[PDB]
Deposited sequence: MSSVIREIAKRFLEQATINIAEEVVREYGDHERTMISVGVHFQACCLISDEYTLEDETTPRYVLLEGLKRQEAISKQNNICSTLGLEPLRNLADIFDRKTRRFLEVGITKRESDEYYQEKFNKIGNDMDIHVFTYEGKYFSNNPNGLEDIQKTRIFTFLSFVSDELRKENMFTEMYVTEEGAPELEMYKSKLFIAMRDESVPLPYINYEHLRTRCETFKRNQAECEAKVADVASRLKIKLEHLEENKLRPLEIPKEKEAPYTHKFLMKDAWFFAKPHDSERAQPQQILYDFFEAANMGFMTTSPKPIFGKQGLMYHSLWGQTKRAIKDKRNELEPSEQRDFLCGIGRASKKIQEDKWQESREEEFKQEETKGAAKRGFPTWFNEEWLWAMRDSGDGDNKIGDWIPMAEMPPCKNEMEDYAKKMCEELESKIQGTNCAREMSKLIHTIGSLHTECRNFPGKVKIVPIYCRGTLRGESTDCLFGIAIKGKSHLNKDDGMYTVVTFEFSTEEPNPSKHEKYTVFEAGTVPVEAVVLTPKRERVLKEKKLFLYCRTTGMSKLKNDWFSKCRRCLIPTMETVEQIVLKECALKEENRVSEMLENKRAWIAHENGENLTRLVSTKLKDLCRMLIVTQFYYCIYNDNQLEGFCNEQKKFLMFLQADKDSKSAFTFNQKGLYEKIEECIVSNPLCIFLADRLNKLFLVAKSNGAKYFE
């Protein structure tokens, strides 16, 4: 039983891979069985303590928690694929028989009249005007004939990238030439941008209640017993009845319908360029309506791997004057005039080429899950309240409780805007939704390091006299991942403003 197969190359291998003061495994095994320790251990340890030169850094005496380094360079552009704050939709009553997205597209060609949708071939600003003009005329006469398939022209062959691929040549034939086709490789990285100024107005825009009502397609409430199910049904009805009306839900519905339609078109028809509308569905005065925000165009997605980055060309509708700092990646054209009753304002057609992938199609088309952490946060607050008081105080506690947010701009110090607890849900859904959009590497690393700083602020709140070992390398790890994501730079700045407001009470910080 107790016999292992003593092979030859394994014992000649085990004898070769012992530590250096030993010759064979036999000498090591005979030394390890007869080992007794000594007190040269403490001498070696203290001889390691002396050659160290390491001091710990308190905070009450060297409160060097300086504000973070936001880059002072060119402003970070608008990087989301669709338009949030500047959108314009045409409405019609929803037909149930005409419910496929291409039929919505046709019925909006008769509803939102594209005959008045003339564009001049000279844009206001941007890069490529004639290609977008001929593509918009070509796709508009494509919708006019009631079929969504672009015949091959020069404009679509230039815009959605066809034939724009390097020749992947394997190393079986290379046919080297003397001083001709000198080849090598080089990488660059990512360029650095600055603090966005448009981001606050879209934060306050998105949680403002929009009269078009329910946007997100939720489901039915199950029946309840005399259990705790009254608590769950009540929290879901109040929180859901608050968040269904806001302008964040319009964008969640816009991503679900538009990117879900692009997802089924990317499965069914690779190798053919389709036309997908950009639309929502919401209840106007009880009459169910569907909207129309733009026209999106696919780019022959042969999704082989989980990547693929197929090219979507988006024509968008807006009714505001553009901005070369915010709308930097667009190619802003015009549209015409729209009667807007309280007189007849302008209408700007926008253009942009962009790209998607298989994974972000799977993650954007299921953004309804952003409702899941939000309520969790809210409910934790409520539960801890009754856990401190041992009495059913939930309904009036969502009414007589304030929650700080949103200090003003000229002053910050102890000038805060408290709201009710229930309206708090609005703000929270917005930030969860922004984590769905702006997710990068930079946002991940930034979120770890901000959890460290939040631990420092909690130690300051209760006077526990925290300490650090190396602040310089700490800030040299946090400042590496603030480059060009708008959410990362915005949240770093608001973290600094938390340090400015919190500096008025507890002393571990700077100005």
Inset, instruction - Go through the deposited sequence from residue 1 and tell me which stretches lack C-alpha coordinates, in order. - result: 1-183, 394-398, 531-541
